[PDB]
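Next up, coords_10.tsv (TSV, C-alpha atoms (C1' of nucleotides)):
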chain	number	residue	atom	x	y	z
A	1	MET	CA	-15.63	19.12	-1.41
A	2	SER	CA	-12.77	20.74	-3.31
A	3	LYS	CA	-12.73	24.47	-2.61
A	4	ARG	CA	-12.77	26.03	-6.09
A	5	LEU	CA	-11.28	29.44	-5.38
A	6	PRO	CA	-11.43	32.36	-7.82
A	7	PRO	CA	-8.58	32.63	-10.34
A	8	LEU	CA	-5.36	34.35	-9.24
A	9	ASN	CA	-5.66	36.96	-12.02
A	10	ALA	CA	-9.29	38.07	-12.42
A	11	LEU	CA	-9.26	39.66	-8.95
A	12	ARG	CA	-6.51	42.26	-9.46
A	13	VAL	CA	-7.77	43.56	-12.81
A	14	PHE	CA	-11.22	43.83	-11.21
A	15	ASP	CA	-9.93	46.29	-8.60
A	16	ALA	CA	-8.15	48.45	-11.19
A	17	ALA	CA	-11.17	48.42	-13.52
A	18	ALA	CA	-13.15	50.63	-11.14
A	19	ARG	CA	-10.26	52.93	-10.21
A	20	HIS	CA	-9.07	53.47	-13.78
A	21	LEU	CA	-12.67	53.80	-15.07
A	22	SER	CA	-11.50	52.33	-18.40
A	23	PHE	CA	-10.73	48.77	-19.44
A	24	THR	CA	-7.92	49.75	-21.81
A	25	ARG	CA	-6.23	51.83	-19.10
A	26	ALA	CA	-6.80	48.94	-16.68
A	27	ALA	CA	-4.32	46.86	-18.71
A	28	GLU	CA	-1.38	49.28	-18.73
A	29	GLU	CA	-0.97	49.16	-14.94
A	30	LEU	CA	-0.88	45.34	-14.95
A	31	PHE	CA	1.52	45.22	-17.97
A	32	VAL	CA	-1.00	43.06	-19.85
A	33	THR	CA	-3.29	43.49	-22.85
A	34	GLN	CA	-6.88	44.70	-22.77
A	35	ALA	CA	-8.13	41.38	-24.16
A	36	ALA	CA	-7.00	39.56	-20.99
A	37	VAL	CA	-9.64	41.36	-18.91
A	38	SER	CA	-12.55	39.85	-20.85
A	39	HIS	CA	-10.99	36.37	-20.73
A	40	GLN	CA	-11.16	36.18	-16.93
A	41	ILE	CA	-14.54	37.79	-16.21
A	42	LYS	CA	-16.33	34.73	-17.63
A	43	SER	CA	-14.36	32.10	-15.69
A	44	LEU	CA	-15.07	33.89	-12.42
A	45	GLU	CA	-18.72	34.37	-13.45
A	46	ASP	CA	-19.21	30.59	-13.21
A	47	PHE	CA	-19.33	30.90	-9.40
A	48	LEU	CA	-21.06	34.29	-9.20
A	49	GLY	CA	-23.68	34.27	-11.94
A	50	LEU	CA	-23.85	38.08	-11.79
A	51	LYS	CA	-22.62	40.63	-14.31
A	52	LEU	CA	-19.73	42.78	-13.14
A	53	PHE	CA	-20.39	46.14	-14.85
A	54	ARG	CA	-23.08	47.97	-16.81
A	55	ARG	CA	-22.13	49.50	-20.15
A	56	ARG	CA	-22.07	53.29	-20.47
A	57	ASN	CA	-20.87	55.55	-23.26
A	58	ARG	CA	-17.21	56.45	-22.63
A	59	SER	CA	-17.74	55.68	-18.94
A	60	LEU	CA	-17.89	52.78	-16.48
A	61	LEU	CA	-20.52	52.65	-13.73
A	62	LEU	CA	-21.17	50.30	-10.81
A	63	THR	CA	-23.90	47.65	-10.77
A	64	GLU	CA	-25.28	46.06	-7.61
A	65	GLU	CA	-24.86	42.54	-9.02
A	66	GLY	CA	-21.07	42.77	-9.03
A	67	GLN	CA	-20.93	45.32	-6.21
A	68	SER	CA	-21.40	42.73	-3.47
A	69	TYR	CA	-18.39	40.86	-4.82
A	70	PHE	CA	-16.09	43.92	-4.96
A	71	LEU	CA	-16.14	44.12	-1.17
A	72	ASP	CA	-14.39	40.73	-0.82
A	73	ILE	CA	-11.46	41.12	-3.27
A	74	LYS	CA	-9.47	44.25	-2.36
A	75	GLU	CA	-8.30	42.83	0.99
A	76	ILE	CA	-6.85	39.61	-0.48
A	77	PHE	CA	-4.06	41.29	-2.44
A	78	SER	CA	-3.34	43.77	0.37
A	79	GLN	CA	-2.32	41.11	2.88
A	80	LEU	CA	-0.58	38.71	0.47
A	81	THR	CA	1.67	41.52	-0.75
A	82	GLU	CA	2.18	42.34	2.93
A	83	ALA	CA	2.90	38.62	3.34
A	84	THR	CA	5.63	38.85	0.69
A	85	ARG	CA	7.14	41.79	2.57
A	86	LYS	CA	7.37	39.96	5.90
A	87	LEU	CA	9.42	36.99	4.69
A	88	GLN	CA	11.55	39.26	2.50
A	89	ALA	CA	12.20	41.70	5.36
A	90	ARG	CA	12.97	39.04	7.96
A	91	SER	CA	15.22	37.23	5.47
A	92	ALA	CA	17.39	40.33	5.04
B	1	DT	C1'	13.29	-102.68	-1.20
B	2	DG	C1'	10.08	-100.93	2.83
B	3	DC	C1'	10.45	-97.95	6.83
B	4	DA	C1'	8.86	-93.86	9.35
B	5	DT	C1'	9.64	-88.69	8.56
B	6	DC	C1'	9.17	-84.11	6.69
B	7	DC	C1'	6.72	-80.61	4.00
B	8	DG	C1'	3.36	-77.70	1.51
B	9	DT	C1'	-1.81	-77.43	0.57
B	10	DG	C1'	-6.71	-76.87	2.00
B	11	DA	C1'	-11.68	-70.19	-2.06
B	12	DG	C1'	-13.63	-65.62	-1.57
B	13	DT	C1'	-16.15	-60.30	-1.18
B	14	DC	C1'	-17.72	-58.84	3.11
B	15	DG	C1'	-18.85	-56.27	9.14
B	16	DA	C1'	-17.03	-55.13	14.56
B	17	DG	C1'	-14.39	-54.32	17.84
B	18	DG	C1'	-9.30	-53.91	18.60
B	19	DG	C1'	-6.16	-53.98	21.89
B	20	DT	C1'	-2.34	-56.40	27.06
B	21	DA	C1'	2.16	-57.51	30.35
B	22	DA	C1'	5.59	-62.43	34.89
B	23	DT	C1'	9.41	-58.51	36.34
B	24	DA	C1'	14.39	-55.94	37.35
B	25	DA	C1'	19.15	-50.82	42.49
B	26	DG	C1'	21.37	-47.94	43.84
B	27	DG	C1'	25.19	-44.79	44.53
B	28	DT	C1'	29.41	-41.85	42.42
B	29	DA	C1'	31.54	-38.38	38.80
B	30	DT	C1'	32.08	-37.00	34.50
B	31	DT	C1'	30.55	-35.79	30.25
B	32	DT	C1'	27.44	-34.32	26.67
B	33	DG	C1'	23.70	-31.47	24.68
B	34	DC	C1'	20.03	-28.68	24.39
B	35	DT	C1'	17.52	-23.95	24.91
B	36	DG	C1'	16.30	-19.52	25.75
B	37	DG	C1'	18.54	-15.07	25.95
B	38	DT	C1'	20.89	-11.54	24.34
B	39	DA	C1'	23.81	-9.23	21.33
B	40	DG	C1'	25.35	-8.53	16.08
B	41	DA	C1'	24.12	-8.67	10.80
B	42	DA	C1'	20.98	-7.77	7.63
B	43	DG	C1'	17.12	-6.78	5.42
B	44	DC	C1'	13.49	-4.45	4.65
B	45	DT	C1'	10.16	-0.14	4.59
B	46	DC	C1'	7.86	4.35	5.26
B	47	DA	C1'	9.01	9.05	4.82
B	48	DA	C1'	11.18	12.92	2.70
B	49	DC	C1'	13.62	15.13	-1.21
B	50	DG	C1'	15.97	16.01	-6.46
B	51	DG	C1'	15.07	15.94	-12.26
B	52	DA	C1'	11.99	15.42	-17.29
B	53	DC	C1'	6.80	15.91	-19.46
B	54	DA	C1'	2.19	17.00	-20.53
B	55	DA	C1'	-3.14	18.61	-19.41
B	56	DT	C1'	-4.48	23.05	-18.36
B	57	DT	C1'	-4.25	28.47	-17.82
B	58	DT	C1'	-3.13	32.65	-19.33
B	59	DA	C1'	-1.94	36.14	-21.96
B	60	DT	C1'	-0.83	37.62	-26.35
B	61	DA	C1'	-2.48	38.60	-31.52
B	62	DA	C1'	-6.64	40.44	-34.12
B	63	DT	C1'	-11.77	40.67	-35.03
B	64	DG	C1'	-16.34	42.40	-34.90
B	65	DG	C1'	-20.16	44.06	-32.46
B	66	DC	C1'	-22.52	48.05	-28.93
B	67	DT	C1'	-22.70	53.08	-26.99
B	68	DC	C1'	-24.42	59.85	-27.30
B	69	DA	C1'	-23.44	64.34	-28.06
Using the file provided, produce a representation of the structure as structure tokens.
Amino acid sequence: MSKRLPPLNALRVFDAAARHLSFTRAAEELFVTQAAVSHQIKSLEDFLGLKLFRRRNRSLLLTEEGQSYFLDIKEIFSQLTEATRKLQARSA
DNA sequence: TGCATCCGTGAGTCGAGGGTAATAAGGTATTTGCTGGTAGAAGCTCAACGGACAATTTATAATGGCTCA
């Protein structure tokens, strides 16, 4: 069974969506456009089947459907960036 | 002109078992000839690496809606 992992892009914008509280401001930190955020939520939804946020006026709140899947994203990028540091540091 | 004398001929499809034997010497030395064995060519063959192209992703461009005070 081929292990269909989540896309390499939807995960990082998902962490900055909660911190920045705004989707437009979530794109300036990742030097991308705001339209790229909505492109990747659907592809990752194929595995989840749960909606990631609940709409609020001029605000972004947390829903339990996507909340379970927040807790298994923020540690992936932490260690891989650490991983980049280790080879780079030992190379020097 | 008569005499032995020699030389081919004398059917054919079919079946079954189907092949045997009187006998003969030992040396020497030299020479030839093959046969596996073991090393060289040589001849692949699987396993890693370098250099163009296209199905698939992504992000970039708008576009048109869903929301409170």
- [ ] Find the residues of chain A in contact range of chain B, meaning any atom within 7 Å when counting only C-alpha atoms (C1' of nucleotides), and list them as a list in words.
- [x]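 Every residue of chain A that passes the 7 Å test is in residues 36, 56 and 57 of chain A.
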Selection from above, C-alpha atoms, as a PDB file, keeping the file's coordinate frame, can you write it?
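Here's the written file again.pdb:
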ATOM      1  CA  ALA A  36      -7.000  39.560 -20.990  1.00  0.00           C
ATOM      2  CA  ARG A  56     -22.070  53.290 -20.470  1.00  0.00           C
ATOM      3  CA  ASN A  57     -20.870  55.550 -23.260  1.00  0.00           C
TER       4      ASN A  57
END
TODO: Grab the atom CA of residue 74 of chain A to atom CA of residue 14 of chain A distance for me, in Å with one decimal place.
DONE: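 Between these atoms lies a distance of 9.0 Å.
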TODO: In Å, rounded to a single decimal, give me how far atom CA of residue 15 of chain A is from atom CA of residue 65 of chain A.
DONE: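 Rounded to one decimal, the two atoms are 15.4 Å apart.
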Task: Interatomic distance, atom CA of residue 33 of chain A to atom CA of residue 69 of chain A (Å, one decimal) - done: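 Computing the Euclidean distance for atom CA of residue 33 of chain A and atom CA of residue 69 of chain A yields 23.7 Å.
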Open item on the list: Can you pull out the residues contacting segment 5-7 of chain A? Cut-off 12 Å, using all atoms listed in the file, and skip same-chain residues under 2 positions away; I want them as number ranges by chain.
Closed with: A: 1-3, 9-14, 39-48, 69, 72-73, 76; B: 57-58
Open item on the list: Which residues are near residue 21 of chain A? Cut-off 9 Å, all atoms listed in the file, ignore same chain within fewer than 6 positions. Put them as a list in words.
Closed with: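 Neighbouring residues, sequence-local ones excluded: residues 59, 60 and 61 of chain A.
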Open item on the list: I'd like the neighbourhood of segment 18-20 of chain A as a list in words, where a residue qualifies if any of its atoms comes within 10 Å (using only C-alpha atoms (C1' of nucleotides)), though same-chain residues fewer than 6 positions away should be ignored.
Closed with: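 Near segment 18-20 of chain A, the qualifying residues are residues 26, 27, 29, 53, 60, 61, 62 and 70 of chain A.
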